[PDB]
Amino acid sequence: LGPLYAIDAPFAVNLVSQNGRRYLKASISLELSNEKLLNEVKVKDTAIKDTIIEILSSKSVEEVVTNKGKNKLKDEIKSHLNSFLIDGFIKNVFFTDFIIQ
């Protein structure tokens, strides 16, 4: 395992839904490939939240309720975030809390 970076503020977004108004509450942690990436993912904290909000809020309930959905989601998050990081890459995305209200 490499350095863990908890995005302390949980994410709360709307999900795309036919049935009225549905929400996602979700706490995210990133596994960093090396220790130097720590400093960069703090400096770029704001862009990471923005990217994640845009990705999360583009999903329907059906696209995130299964475990295949959540894993596609974790891959979309990690590969967009990696596109603008240069001192390393996110190896993994973990949810420490994930609920649809």
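In case it trips you up, residue 1 is the first one in the sequence shown, and so on.
**Q** Looking at the deposited entry, does 85-93 or 16-24 carry the larger mean Cα B-factor?
**A** Of 16-24 and 85-93, the stretch with the higher C-alpha B-factor average is 16-24.
**Q** Please work out which of 69-77 and 31-39 has the higher mean CA B-factor as recorded in the PDB entry.
**A** Mean CA B-factor is higher for 31-39.
**Q** Relative to the other modelled residues of the same chain, rank the CA B-factor of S57 and answer lowest, middle or highest third.
**A** Lowest third of the chain for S57's C-alpha B-factor.
**Q** Against its chain's modelled residues, does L4's Cα B factor rank lowest, middle or highest third?
**A** According to the entry, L4 has a C-alpha B-factor in the chain's highest third.
**Q** Among the modelled residues of this chain, does the Cα B factor of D50 put it in the lowest, middle or highest third?
**A** According to the entry, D50 has a C-alpha B-factor in the chain's middle third.
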